[PDB]
Structure formats: C-alpha cells, structure tokens
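A short worksheet on the structure shown next.
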C-alpha cells in the first residue's frame, strides 16, 4: 500500500484523539488502505463531506 498512511493512523491510534479526516485525493488503493488499517484496528472508517469537498474519515473507538 503506502506506509505513510499507516504511520499517520499509528500516531492517531497511539494519540486516540477522536477522528482523523484523510483527503479525497486517495485514488483507490490509498482509500482502501485507510479503510483496511481502520478495520484491522478499532476505527469506524467512512466517507464524509457535502459537495465536491468529499473526504475519508476514520473515528477512534477509544
């Protein structure tokens, strides 16, 4: 995949903030990766945004 995302999600996991909004710019494989890391962990991965400013959100189940 792209390990850059994993390291971001790992910070977010260790930090256990609340949610993290990743950009729409994830082509396919990158979005699928954010989903997969989230699914492997305890994160609710979903898409968010109203108009052409869509994004990917992952939420930390504390």
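What follows draws every value from the coordinates through simple rules; no lab data is involved. With ideal geometry, Cβ positions are generated from the backbone for all residues, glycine too; neighbour counts draw on all protein chains shown.
When 33, 53 are checked against the criterion of being in a loop (DSSP other than H, G, I, E, B) and out of contact with any strand residue (DSSP E or B) (no Cβ under 8 Å at 6 or more places or on another chain), a single residue qualifies: 53. Pairs meeting the criteria (first residue in the range 41-59 and in contact (Cβ under 8 Å) with a residue 24 or more places away in the chain and at positive phi, second residue part of a loop (DSSP other than H, G, I, E, B) and surrounded by 12 or more Cβ atoms within 10 Å (Cβ to Cβ), beta carbons under 9 Å, at least 6 apart or on different chains) are 49/24. When the range 1-17 is limited to residues that are in contact (Cβ under 8 Å) with a residue 40 or more places away in the chain and part of a loop (DSSP other than H, G, I, E, B), the one that is surrounded by the most Cβ atoms within 10 Å (Cβ to Cβ) turns out to be 17. For the condition surrounded by 12 or more Cβ atoms within 10 Å (Cβ to Cβ) and either more than 11 Å from the chain's Cα centre (by Cα) or part of a loop (DSSP other than H, G, I, E, B) (or both), residue 26 qualifies.
Pick from the range 29-44 the residues that are crowded, with 17+ Cβ neighbours inside 10 Å and touching a helix residue (DSSP H, G or I) at 6+ places or on another chain (Cβ under 9 Å): which of them is farthest from residue 62 (Cα to Cα)? The qualifying residue farthest from residue 62 (Cα to Cα) is 30. Using the structure shown, decide if residue 20 is assigned to a strand (DSSP E or B) and touching a strand residue (DSSP E or B) at 6+ places or on another chain (Cβ under 8 Å). Yes: the conditions hold for residue 20.
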